[PDB]
Amino acid sequence: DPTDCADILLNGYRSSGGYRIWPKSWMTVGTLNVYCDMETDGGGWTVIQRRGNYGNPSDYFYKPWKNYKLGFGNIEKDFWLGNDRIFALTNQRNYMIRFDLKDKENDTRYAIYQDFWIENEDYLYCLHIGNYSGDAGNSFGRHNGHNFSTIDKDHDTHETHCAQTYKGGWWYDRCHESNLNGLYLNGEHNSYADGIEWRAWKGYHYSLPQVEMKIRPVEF
Ligand SMILES: CC(=O)N[C@@H]1[C@@H](O)[C@H](O)[C@@H](CO)O[C@H]1O
Ligand SMILES: [Ca+2]
């Protein structure tokens, strides 16, 4: 019955954690276990990505198209939900995406983008995002309207292979201002922009230790 975490919240469940949901497209992707953040600004957020120090290698997110398509990781630790699943959820209705970022000093920033959705695999999971708001700085905006790229599939608009240079699966442009699926370098680093970066806040030489991407219906 519940199609996402907002529905789960409206049904009375107030605690954060894993829940089974029935997206409207369950006939194809099936039911899914998702992590629901029921605390941030009222709750009802379905988490689609998370980075943290959970024991996985620093290059854990350095995976090919197939892995990003199907998803990988544990929803209670660091993971990527899966593009087919993200497509299924973002298309069942209108969602906004929220980015929660935290640095090593435990300070935090967030960014909200309305009308968040991606197209299906045939269209290379092209990204769509609306207006920005928040205090982290608008570093995801430049990615609007770009294809998804991975180490084995260059779909960006640069002469080089953005994914191989910056190490993640992302909607690379030429190449990025945000790189949340990059290497887990934990803090300051000399290498150039290949860690978990959010340019508008910490520049290109600081890999955020903890980040999360989560969605909630606009009509919440
Ligand atoms: C990590 C990254 O993509 N840095 C690019 C830089 O290579 C490019 O020359 C410049 C053009 O303005 O824009 C930056 O955002
Ligand atoms: Ca290229």
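What is reported rests on the model, the rules as stated and the sources as named; nothing here is a laboratory result. Here Cβ is always computed from backbone atoms with ideal geometry, including for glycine, and neighbour counts include all displayed protein chains.
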The listed residue being more than 16 Å from ligand 2 (Cβ to nearest atom) and of a type in the set (A, V, I, L, M), out of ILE151, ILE112: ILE112
Tell me which residues, restricted to the range 100-117, are under 17 Å from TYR184 (Cα atoms) and buried (at least 19 other Cβ atoms within 10 Å of the Cβ). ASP100, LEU101
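Going by what's in this entry, would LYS202 be described as within 16 Å of ligand 1 (Cβ to nearest atom), buried (at least 20 other Cβ atoms within 10 Å of the Cβ) and at positive phi?
On the way: within 16 Å of ligand 1 (Cβ to nearest atom): yes; buried (at least 20 other Cβ atoms within 10 Å of the Cβ): yes; at positive phi: no.
For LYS202, the condition - within 16 Å of ligand 1 (Cβ to nearest atom), buried (at least 20 other Cβ atoms within 10 Å of the Cβ) and at positive phi - is not met.
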Near pairs, Cβ below 8 angstrom, 6+ apart or cross-chain, from the range 23-39 (touching a residue at least 24 places away in the same chain (Cβ under 8 Å) and over 17 Å from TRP80 (Cα atoms)) to any residue that is of a type outside the set (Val, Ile, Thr) and in a loop (DSSP other than H, G, I, E, B): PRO23/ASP4; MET38/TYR13; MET38/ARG14; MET38/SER15; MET38/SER16; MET38/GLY44
So the check is Cβ under 9 Å with 6+ separation or different chains; which pairs have a first residue in the range 94-123 that's assigned by CATH to the domain that holds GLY203 and a second one that's buried (at least 18 other Cβ atoms within 10 Å of the Cβ)? none
Tally up the residues in the range 181-202 that are among the aromatic types (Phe, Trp, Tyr) and farther than 19 Å from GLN49 by Cβ, please. 1
Working only within the range 138-190, note down all residues that are of a type in the set (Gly, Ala, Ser), more than 11 Å from ligand 1 (Cβ to nearest atom) and either crowded, with 19+ Cβ neighbours inside 10 Å or in a loop (DSSP other than H, G, I, E, B) (or both). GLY145, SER149, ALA163, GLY168, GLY169
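Scan the range 94-112 for residues that are part of a strand (DSSP E or B) and of a type in the set (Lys, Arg) and jot them down. I'd like the intermediate steps shown before the answer.
Filtering the range 94-112 for residues part of a strand (DSSP E or B) gives 95-102, 108-112.
Within the range 94-112, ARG98, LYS102, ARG109 qualify.
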Under 9 Å between Cβ atoms, at least 6 apart or on separate chains: pull out the pairs that start in the range 146-159 with a residue that is in the same structural domain as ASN83 (by CATH) and end on any residue that is surrounded by fewer than 19 Cβ atoms within 10 Å (Cβ to Cβ) and assigned to a strand (DSSP E or B). none
